[PDB]
Amino acid sequence: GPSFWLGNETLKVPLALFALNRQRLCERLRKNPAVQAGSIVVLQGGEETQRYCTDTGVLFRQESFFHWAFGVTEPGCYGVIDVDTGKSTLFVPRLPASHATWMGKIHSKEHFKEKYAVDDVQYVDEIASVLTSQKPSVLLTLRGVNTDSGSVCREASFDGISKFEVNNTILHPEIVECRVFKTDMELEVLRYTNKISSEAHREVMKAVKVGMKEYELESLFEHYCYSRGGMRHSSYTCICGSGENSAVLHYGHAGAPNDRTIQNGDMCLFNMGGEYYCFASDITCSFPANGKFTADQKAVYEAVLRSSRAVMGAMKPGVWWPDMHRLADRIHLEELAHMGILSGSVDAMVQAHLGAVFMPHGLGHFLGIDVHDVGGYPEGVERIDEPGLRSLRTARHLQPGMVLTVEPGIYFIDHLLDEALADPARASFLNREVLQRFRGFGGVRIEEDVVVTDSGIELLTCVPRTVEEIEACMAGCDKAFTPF
Amino acid sequence: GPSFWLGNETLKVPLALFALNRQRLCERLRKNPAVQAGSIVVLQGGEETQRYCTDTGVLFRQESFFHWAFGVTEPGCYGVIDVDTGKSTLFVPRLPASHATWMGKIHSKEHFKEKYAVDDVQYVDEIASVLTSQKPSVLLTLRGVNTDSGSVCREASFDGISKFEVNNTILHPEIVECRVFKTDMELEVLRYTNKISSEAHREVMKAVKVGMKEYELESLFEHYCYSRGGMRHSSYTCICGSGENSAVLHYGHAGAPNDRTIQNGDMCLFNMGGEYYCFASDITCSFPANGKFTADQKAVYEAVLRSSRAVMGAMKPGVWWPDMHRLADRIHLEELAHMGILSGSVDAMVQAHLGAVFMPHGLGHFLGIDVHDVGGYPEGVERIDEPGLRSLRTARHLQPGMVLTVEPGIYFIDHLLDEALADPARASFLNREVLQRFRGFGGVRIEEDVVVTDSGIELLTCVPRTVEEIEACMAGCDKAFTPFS
Ligand code: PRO
Ligand code: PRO
Ligand SMILES: [Mn+2]
Ligand SMILES: [Mn+2]
Ligand code: NA
Ligand code: NA
Ligand code: NA
């Protein structure tokens with residue numbers, strides 16, 4: 001069958017990937033006792049957008065559920081799936097003649113049918129007529145709440161949909177559940193996104209020099225990913241935190257835009273991941289700007305390396321993700337105590353939620369077509385109302401086929417440290433005089449992407465991780481990849 | 001005063017630039033008869049967005065009118081200007097404590113006052129109270145139609161605005177008019193955007209090799225612009241058209257995503273422009289993929305070079321922009337005839353609108369904070385209802401301070417050629433035996449950015465342009481070129 005490919009050494013992604021997703025969705029819907037025979041799934045793709053009121057086009061990136069089902073890159077499409085037969089129909093815009101001048105070839109419907117390996121292709125303006133002739137019992141549309149954004153998924157609509165019976169409740173939990181479990185074809189894509197992003201992280205580690213701006217490495221990362229990987233998009237805005245900025249979890253956005261000069265003695269925390277054909281990667285590397293860990297940097301870094309590998313070593317089916325988060329907290333506390341930042345009973349520190357002062361985010365999250373992938377909190381799975389754990393993006397137990405980030409970190413965040421020092425239940429553990437030295441340190445995060453297997457995990461990421469490996473990487477002369 | 005700067009060799013942009021824009025807007029409004037004492041201009045900044053229903057943040061780029069007035073890079077702001085006094089107040093979001101963990105320092109209002117050199121800073125939720133205390137006669141908000149997109153500008157609104165008198169008709173044409181005329185401080189920024197984008201285009205010409213994907217050069221261009229220029233955004237999606245894709249005017253979008261392999265013998269048409277602090281650039285370079293122009297390529301290329309230079313030489317205050325478009329059309333037709341593609345009377349060709357077959361877009365457009373900048377068709381300026389000319393993004397007369405692209409091109413577009421061949425009024429001019437050779441050629445576009453001055457123009461762009469200069473650049477021989485004067 002056909003494949004998506006951006007040539008050179010980029011990955012060929014078979015369109016059969018999306019056919020399998022459609023089949024899996026139908027199989028799941030058929031088993032749902034509420035689903036009527038003759039149902040049709042109706043999804044609406046993303047549309048082209050512009051900046052504000054201008055004609056400045058925004059580069060189009062497909063809506064994630066639509067992509068998962070169809071792999072379609074063009075704006076303005078719809079797609080439907082007959083549940084009982086699995087038959088797929090793509091609806092594409094009927095373009096005006098002037099499109100050939102301004103935008104490119106006006107492809108035939110047959111071109112799209114071949115390209116996407118769907119059963120039929122029709123024009124968008126005929127959607128009501130086509131669906132009417134199919135005589136469906138009900139249209140199943142997409143509406144639900146994303147548990148990371150709190151946004152409501154946009155339900156498909158078209159002129160004449162009011163003449164059909166529409167259900168917008170059944171589909172969302174079923175298609176979400178399908179997305180939670182990655183097929184072998186999807187895993188091949190995620191191995192590739194991890195491979196390219198890993199290579200780009202290594203190039204960044206080799207290129208970092210004291211005196212550079214953070215954004216110079218953002219630029220280099222994205223250039224490697226696009227030119228060598230065919231990754232036109234990143235999975236999220238690059239986080240290139242140097243010095244104290246490494247304590248800011250989503251640093252790099254427009255309000256704090258990777259604009260600090262990297263200084264001798266800084267730690268760097270670079271959390272970046274290219275996106276290929278709407279599939280994510282999400283990797284964090286932490287390292288000294290000057291290529292040599294100080295004693296304090298080594299101690300904090302190796303604490304996080306310890307939790308990283310302890311969590312990865314414990315992960316397997318049946319493990320409760322919140323238990324892995326707590327495992328990381330306990331390790332961090334043990335190590336911070338060894339360093340002299342903390343004193344006293346680690347059991348008591350855990351009871352006082354001290355771990356969350358140093359790791360005020362979730363241990364990690366599902367990853368797929370979105371970096372914070374869907375399905376972390378389906379109905380019946382509750383968010384734990386405690387510091388740190390409440391920021392977990394899933395409280396599920398692990399099962400084969402899930403893809404997770406494993407991203408423990410330790411940070412020195414003044415307002416959290418100050419709150420802890422004011423609370424007698426936590427202050428007794430904190431040694432102010434030692435902690436003082438780490439004010440402004442920033443933090444360390446080590447983030448791998450892994451797949452749960454029948455017996456454990458498969459690690460997708462491949463970057464240097466021990467202190468020696470990182471120092472050796474940064475000292476290498478190779479000068480492969482030299483723009484200009 | 002304070003400046004925006006991204007360090008290294010990037011441009012320091014004084015925040016005084018935006019203060020001057022506010023002053024100019026107030027000065028214009030004070031002379032406007034529809035404007036009464038005690039009016040306050042109220043603008044709403046852009047807000048943070050995410051991809052669809054996900055939590056994947058989209059990188060925030062400020063709304064252009066708001067940027068022009070305030071230069072503010074943060075999402076969620078509003079800004080007001082007292083017309084009578086010129087006093088400026090910026091409203092910034094009141095952030096949650098958790099912002100300090102996830103997003104960064106929760107800066108004080110005073111930090112923002114100093115950063116932006118405004119007269120006062122307040123929190124957004126206090127806007128109704130703050131405006132109430134000022135007892136304004138009327139709030140002047142933004143609403144109008146963009147003449148390139150057809151979209152309606154987003155008018156400011158806040159909880160309690162219904163208790164004020166609001167006028168949404170006065171402001172738009174006035175702030176648009178201010179934007180049309182660039183200040184010296186704005187020209188400094190546009191000189192810089194052109195400098196960086198020109199350097200990037202030269203790096204791309206040096207790097208292009210047969211067998212590369214078009215997108216490899218998009219990537220290299222954007223990397224030069226960001227890493228060396230501090231340009232986090234491009235002004236528009238890069239157009240990297242090789243071979244027949246060079247005939248597709250806005251090639252490179254998601255439906256045609258710069259994914260062709262460049263072949264020996266192809267022409268390349270690369271239309272790319274970095275954006276710095278929301279100021280545009282827009283440059284097009286055309287060149288042979290293999291670094292050596294064939295005779296046919298040289299002929300088409302030099303025809304567009306001739307029109308480019310003729311227009312730049314004729315541009316000065318008082319010139320009607322559609323007359324420049326017609327000049328380019330006439331030159332293209334003359335040169336296509338000199339190449340044997342066309343024969344007959346060029347006057348007759350012009351009368352039959354044959355130029356538009358080969359250049360089915362406008363000669364050029366205003367440029368500023370938007371690549372297709374505002375104000376090309378103010379009330380009373382009409383679109384010319386002819387092929388080619390109807391795509392002009394302005395029909396105004398040139399005046400000092402305007403910034404224009406000059407972007408003639410010649411393309412070989414099958415459905416347009418075939419229409420002409422089916423039209424007795426046009427068909428006899430075309431020599432099919434020669435034209436057949438140019439089917440699939442794509443096209444050539446040569447685009448400079450210029451400022452209208454008292455004397456003529458100031459050319460902002462600095463890239464190789466003659467065949468000899470381009471061939472030298474591609475061979476690695478950079479800077480071996482002299483700009484037009
Ligand atoms: O948002 C999250 O869940 C993780 C935490 C560190 C950065 N990304
Ligand atoms: O849109 C326009 O007006 C010009 C034409 C060629 C590319 N940009
Ligand atoms: Mn992550
Ligand atoms: Mn242009
Ligand atoms: Na990018
Ligand atoms: Na992360
Ligand atoms: Na252009």
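Just so it is clear, the values below take in all heavy atoms, side chains as well, and ignore hydrogens, waters and symmetry mates. One-based numbering, in listed order, for ligands and for the atoms of each. Quick note on labels: first sequence line is chain A, next is B, and so on, each numbered from 1.
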Which residue pairs pass the salt bridge (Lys or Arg N to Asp or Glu O under 4.0 Å) test when at least one of the two sits in residues 233-254 of chain B, sequence neighbours left out?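 Checked against salt bridge (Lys or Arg N to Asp or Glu O under 4.0 Å) - neighbours excluded - no pair reaches residues 233-254 of chain B.
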Protein residues near ligand 2, heavy-atom distance below 4.0 Å?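 A:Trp102, B:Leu249, B:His250, B:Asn271, B:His361, B:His372, B:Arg393, B:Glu407, B:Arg445.
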Over all atoms of both residues, closest heavy-atom pair of B:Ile283 and B:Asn194: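 Looking at all heavy atoms of both residues, the shortest contact is CD1-OD1, 3.7 Å.
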For the student: nearest non-hydrogen atoms of B:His201 and B:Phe270, plus distance: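 Where B:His201 meets B:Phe270 most closely, the heavy atoms are CE1-O, 3.3 Å.
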Report the angle formed at the Na ion (ligand 7) by atom OD1 of B:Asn271 and atom OE1 of B:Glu407, rounding to the nearest 10°.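 An angle of 120° at the metal.
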Report whether any nitrogen, oxygen or sulfur of B:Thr284 sits less than 3.0 Å from the Na ion (ligand 7) (N, O or S, backbone or side chain).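 No, since none of the N, O or S atoms of B:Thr284 sits under 3.0 Å from the Na ion (ligand 7).
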Donor-acceptor pair, A:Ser307 side chain versus A:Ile331 backbone, under 3.5 Å?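 Absent.
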Taking the ring centre of each residue, are B:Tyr301 and B:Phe287 less than 6.0 Å apart?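 No - the distance between ring centres of B:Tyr301 and B:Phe287 does not fall below the 6.0 Å cut-off.
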Under 6.0 Å between ring centres: does that hold for A:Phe279 and A:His233?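 When the ring centroids of A:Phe279 and A:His233 are compared, they turn out to be at least 6.0 Å apart.
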N/O/S atom name from B:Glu447 that is nearest to the position of the Na ion (ligand 7):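 Checking each N, O and S atom of B:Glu447, the shortest distance to the Na ion (ligand 7) belongs to OE1.
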Please examine the side chains of A:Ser64 and A:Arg179, heavy atoms only from C-beta on, and report whether any two atoms are closer than 4.5 Å.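 Heavy-atom side-chain distance check passes, below 4.5 Å.
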